[PDB]
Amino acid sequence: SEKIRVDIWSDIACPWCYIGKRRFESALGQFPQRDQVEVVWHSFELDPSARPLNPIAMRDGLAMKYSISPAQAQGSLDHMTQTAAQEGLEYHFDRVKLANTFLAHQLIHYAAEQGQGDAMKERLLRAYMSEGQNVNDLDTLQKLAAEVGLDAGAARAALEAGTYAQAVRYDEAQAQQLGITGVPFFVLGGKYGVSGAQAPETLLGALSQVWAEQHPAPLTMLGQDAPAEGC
């Protein structure tokens, strides 16, 4: 259709996803046919059974998850912080609120129907990673929606009603069916997979490949046209 679809699975709570988003955006900016690219965000939860708000420090949450020392958990946080800084991202992990992200993914689904999925995903990533906001908190979500330019009242109502809950679950089931067990995860043209926060060069190469495959060089035609059948 001369369009390239890029489906990206991601969690708001995953620091590699925000890094991955920037790296993809860098690829996209270098891609000549970038206007033909359609980006769709899909919901993914690192921990769908996470309590509404877990009060512990992100470092301790990480140390528990990966069974490591606090010093090593910190080293890991520091690595992600340094890496993010290279993408123009200023993380503040010391302020992170370890919230269940189900309602936040629902908001992105709401936003997407208004054509603002990416701006909503972006806002929520910054709120979580940099601004110490609780993305499980309805007032907070309502505020973030407003800042994205959405109908704040209607967004809140959609959230309170659970309108997009089942769509989020379907996104997550679709990831499982695809063998997607980690994020960020990129799907291009519904055909190619790219796992993790890959370099811009890798993602640019993927876009180019798919574009090239969907635009073979014209054939040189030989002879007359003989009996054939079309649609």
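Start at 1 with the first residue shown and count on from there.
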query = Would you say residue 229 goes unmodelled in a third or more of the other compared entries?
reply = yes
inquiry  = When the Cα temperature factors in the entry are averaged, is it 146-154 or 93-101 that ends up higher?
reply    = 146-154
query = Of 130-138 and 75-83, which one has the bigger average CA B-factor?
reply = 75-83
message = For the CA B factor values reported in this entry, which option in 39, 173, 53, 204 has the top one?
response = 173
query = When the CA B-factors of 43, 181, 33, 26 are compared as recorded in the entry, which is the largest?
reply = 181
message = Looking at the temperature factor on the CA atom of residue 196, which third of the chain's modelled residues does it land in?
response = lowest
request  = Would you mind ranking residue 107 by its C-alpha B-factor against the rest of the chain and naming the third, lowest, middle or highest?
outcome  = lowest
ask   = Would the CA B-factor of residue 160 place it in the lowest, middle or highest third of its chain?
value = highest
